[PDB]
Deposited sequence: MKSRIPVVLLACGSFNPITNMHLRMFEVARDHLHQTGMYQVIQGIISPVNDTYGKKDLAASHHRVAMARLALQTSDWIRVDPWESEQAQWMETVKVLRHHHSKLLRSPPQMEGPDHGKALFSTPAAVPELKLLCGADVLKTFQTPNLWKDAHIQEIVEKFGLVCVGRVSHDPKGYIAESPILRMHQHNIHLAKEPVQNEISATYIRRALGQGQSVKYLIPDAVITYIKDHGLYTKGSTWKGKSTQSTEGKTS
């Protein structure tokens, strides 16, 4: 039988966009395609407000937009836990938390774009022990992104190359490179972002005067 899988996406979702959503669909089809897994749930987990040097919309807003974006999904949901904690938390700790919840078994895997594998290379950004735990205790499902060569990132990482069994590379045949940075800039200039992010999210943004 198939191994039940839950996919967790940790990010800013400032705001959530059609690309972020498409990432889950592609990842699920890829896992199902292997014949060994049954994706049963997707979880969007917006980062806490204390994170970064950037000016993120308040977490309750990012969580609300994600929920709106996901109303039409029958398998992906937003979980505010991470954003409700007092402070930012390294991603492995969010994985640990959700793994436990599953117990109160399906495998919990981190879902990210190929761009994330490249960030693993950034000095001091991710503790080696954490990278190892992500691919050894949990799993990593990576969706392609223009300009990134995931197979090379893996081959060149002493840690990743030793845990390839837990790394799933899903190819994105579609050229959908929507940048949330671009979304925010366009919104700020009064330009349309319709068809780039969900309609309900656009309405929410207008209603709450976000990204002005």
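K.L.:
May I ask you to mark the stretches of the deposited sequence that the structure leaves without C-alpha coordinates?
P.N.:
Those parts of the chain that were deposited but carry no coordinates are 1-2, 107-126, 235-252.
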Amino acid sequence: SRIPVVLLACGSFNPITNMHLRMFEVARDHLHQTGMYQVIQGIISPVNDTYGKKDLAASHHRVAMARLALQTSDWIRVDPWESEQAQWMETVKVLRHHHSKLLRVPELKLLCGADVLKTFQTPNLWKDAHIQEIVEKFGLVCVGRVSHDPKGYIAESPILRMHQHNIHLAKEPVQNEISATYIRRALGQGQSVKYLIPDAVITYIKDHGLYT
From here on, numbers count along this sequence of modelled residues.
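The term rigid core refers to the maximal set of C-alpha atoms that superpose within 1.5 Å between the two forms.
K.L.:
Comparing 160-168 with 175-183, which has C-alphas lying farther from the shown form in 5 other deposited structures of this protein once the core is aligned?
P.N.:
Farther from the shown form on average in 5 other deposited structures of this protein: 175-183.
K.L.:
If we scan the other compared entries, does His98 go without coordinates in at least a third?
P.N.:
In all of the other entries, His98 has coordinates.
K.L.:
On average, are the C-alpha B-factors higher in 169-177 or in 37-45?
P.N.:
Higher mean C-alpha B-factor: 169-177.
K.L.:
For the C-alpha atoms alone, is the average B factor greater in 95-103 or in 116-124, going by the entry?
P.N.:
Comparing 116-124 with 95-103, the higher mean C-alpha B-factor belongs to 95-103.
K.L.:
Choose from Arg185, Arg67, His32, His148 the residue with the greatest Cα B-factor as stated in the PDB record.
P.N.:
Result of the comparison over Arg185, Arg67, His32, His148: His32.
K.L.:
Ranking every modelled residue in this chain by its Cα temperature factor as given in the entry, which third contains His61?
P.N.:
Within its chain, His61 is a lowest-third residue by C-alpha B-factor, going by the deposited values.
K.L.:
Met89: which third of its chain by C-alpha temperature factor?
P.N.:
For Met89, the deposited C-alpha B-factor lands in the highest third.
K.L.:
Could you place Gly144 in the lowest, middle or highest third of its chain by Cα temperature factor, using the values in the record?
P.N.:
Its C-alpha B-factor belongs to the middle third of this chain's values.
K.L.:
Considering only modelled residues of the same chain, in which third does the CA B-factor of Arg28 rank: lowest, middle or highest?
P.N.:
As the PDB entry reports it, the C-alpha B-factor of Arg28 lands in the lowest third of its chain.
K.L.:
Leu8: which third of its chain by C-alpha temperature factor?
P.N.:
CA B-factor rank for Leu8: lowest third.
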